[PDB]
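Asker: Protein chains in written order, with the numbering used here: chain A, 1 to 108; chain B, 109 to 173; chain C, 174 to 234; chain D, 235 to 340.
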Amino acid sequence: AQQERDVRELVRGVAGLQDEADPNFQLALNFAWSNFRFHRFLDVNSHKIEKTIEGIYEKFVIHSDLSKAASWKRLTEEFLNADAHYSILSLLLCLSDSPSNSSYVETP
Amino acid sequence: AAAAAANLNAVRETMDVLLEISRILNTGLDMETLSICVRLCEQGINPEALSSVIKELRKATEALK
Amino acid sequence: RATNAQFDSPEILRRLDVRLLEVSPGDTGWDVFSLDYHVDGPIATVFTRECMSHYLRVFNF
Amino acid sequence: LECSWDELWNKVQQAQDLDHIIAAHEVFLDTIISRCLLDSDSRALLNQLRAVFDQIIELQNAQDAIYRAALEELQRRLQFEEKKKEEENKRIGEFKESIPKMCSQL
């Protein structure tokens, strides 16, 4: 119930669809179920994520975007307080990766 | 309840932390959708499967452009 | 082997070896390449790892 | 790479303590960091310099886009002669169409 709602809102947000009776919506739902019920993936290991996050930090330092690297390590350090860490991290890490700009305008 | 809503403020605080993390990484995801993803990993899910789902869904909006 | 570097000691060509940048969805080899000189003796007391980092940054430029 | 190199070369090869050589190499590389635009405060300077590198690669496309129309006609003109041993009239019309847009872009 809540699972189905989550998958529906995911499709609605990302495909931009507002009609849940669109046949494309039904095809996307069938695709999501068929991808989910086929289990072959590896499960996220924290050590590989740790190697990856320090690698992203070092990559920022080498390209001489120093404040971006400081904010990157800072934001991950603040996130790592209060498993689901590495899930959300691994997700965001593989989804895309770095910009050609700093993309940093936070002034708290 | 009062403590049950300050936890919801706490959820929004980490959601803005992940907002900064999403822009410095240049992802297309917004805040509502990442809360859906957070509920998905509450039930347990491969991030490798969610990324394949979204790596199909975003570049199936570039096929009707 | 073809260039003037051949008549320089095999040790110091051996200590310099290739490296890359860990991947990103817009990879070019012109974005992703480095050389690494790494420590092979007590020279770590002379050459810090962050000194190799500044080395690699001006190398990137 | 001569200034910092001269003063580096001097304060290694005259020095008879390891820490002085260390402290010379350190400030050597550090003033080089300030001398390029790889400092924290000169970064805005750096930002302009990256914008000098865009128009370079842009020009490669814009230069070849001339030859992808201009030069491309003349082998077809040879092929018109290989008939001779109406339609490049249309290419003369195409030139009045191609030239102003590329010129305005330049």
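From the three backbone atoms N, C-alpha and C, an ideal C-beta is built for every residue, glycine too.
Is any beta-carbon of chain A found at less than 8 Å from that of D/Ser274?
Answerer: Locating residue 274 of chain D in the fourth sequence gives position 40, counting from the first residue. True, the Cβ-Cβ gap to chain A drops below 8 Å.
Asker: Could you compute how far the alpha carbon of A/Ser103 sits from the alpha carbon of B/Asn134?
Answerer: Translated into positions along the first sequence, residue 103 of chain A becomes position 103. Translated into positions along the second sequence, residue 134 of chain B becomes position 26. Distance from the CA atom of A/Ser103 to the CA atom of B/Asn134, rounded to whole angstroms, is 8 Å.
Asker: Under the three-state reduction of DSSP, which class applies to C/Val191: helix, strand or coil?
Answerer: Numbered from its first residue, the third sequence carries residue 191 of chain C at position 18. DSSP places C/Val191 in strand when its eight states are reduced to three.
Asker: Out of curiosity, what's the CA-to-CA distance linking A/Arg8 and A/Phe41?
Answerer: For this step, residue 8 of chain A is matched to residue 8 along the first sequence. For this step, residue 41 of chain A is matched to residue 41 along the first sequence. The alpha-carbon atoms of A/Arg8 and A/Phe41 are separated by roughly 23 Å.
Asker: Ignore the nearest five residues each way along the sequence and tell me which others in A/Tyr86's own chain have a CB closer than 7 Å to its CB.
Answerer: Translated into the one-based positions of the first sequence, residue 86 of chain A becomes position 86. Contacts found: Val44, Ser46 and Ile49.
Asker: Mapping the DSSP letters down to three states, classify C/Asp181 as helix, strand or coil.
Answerer: Taking the first residue of the third sequence as 1, we reach residue 181 of chain C at position 8. Three-state DSSP puts C/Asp181 in coil, outside helix and strand.
Asker: Say whether chain A places a C-beta atom closer than 8 Å to the C-beta of C/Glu184.
Answerer: Position 11 of the third sequence, counted from the first residue, corresponds to residue 184 of chain C. No, its Cβ sits nowhere closer than 8 Å to a Cβ of chain A.
Asker: Could you give the distance in angstroms between the alpha-carbon of B/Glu121 and the alpha-carbon of A/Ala82?
Answerer: The residue labelled residue 121 of chain B in the question sits at position 13 within the second sequence. The residue labelled residue 82 of chain A in the question sits at position 82 within the first sequence. Rounded to the nearest angstrom, the two C-alpha atoms are 12 Å apart.
Asker: Using a Cβ-Cβ distance under 8 Å, would C/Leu194 count as near chain A?
Answerer: Position 21 of the third sequence, counted from the first residue, corresponds to residue 194 of chain C. At least one C-beta of chain A is nearer than 8 Å to the C-beta of C/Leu194.
Asker: Just checking: is the beta-carbon of C/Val212 within a distance shorter than 8 Å of some beta-carbon in chain F?
Answerer: Checking the listed chains, one finds no chain F in this structure; the protein chains it contains are A, B, C and D.
Asker: Compare the C-beta of B/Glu170 with all C-beta atoms of chain A and state if any pair is closer than 8 Å.
Answerer: Looking up residue 170 of chain B in the second sequence gives position 62. B/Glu170 does not count as touching chain A.
Asker: Select from B/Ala171, B/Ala113 and B/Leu137 the residue whose C-alpha is nearest the C-alpha of A/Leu93.
Answerer: Translated into the one-based positions of the first sequence, residue 93 of chain A becomes position 93. Per the Cα distances, B/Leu137.
Asker: On the DSSP bridge assignment, give the partners of residue 237 of chain C in chain order.
Answerer: What the structure shows of chain C is the stretch from 174 to 234, and residue 237 of chain C is not part of that stretch, so it cannot be assessed.
Asker: What does C/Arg230 reach in chain A if we use C-beta pairs closer than 9 Å?
Answerer: As a working note, residue 230 of chain C is residue 57 in the third sequence. Simply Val61, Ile62, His63 and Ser64.
Asker: At 8 Å on the CB atoms, spell out the chain B contacts of A/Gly16, in chain order.
Answerer: Locating residue 16 of chain A in the first sequence gives position 16, counting from the first residue. In chain order: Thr169.
Asker: Is it true that the stretch 280 to 288 of chain D meets the stretch 243 to 259 of chain D, where meeting means three or more beta-carbon pairs spaced less than 8 Å apart?
Answerer: no
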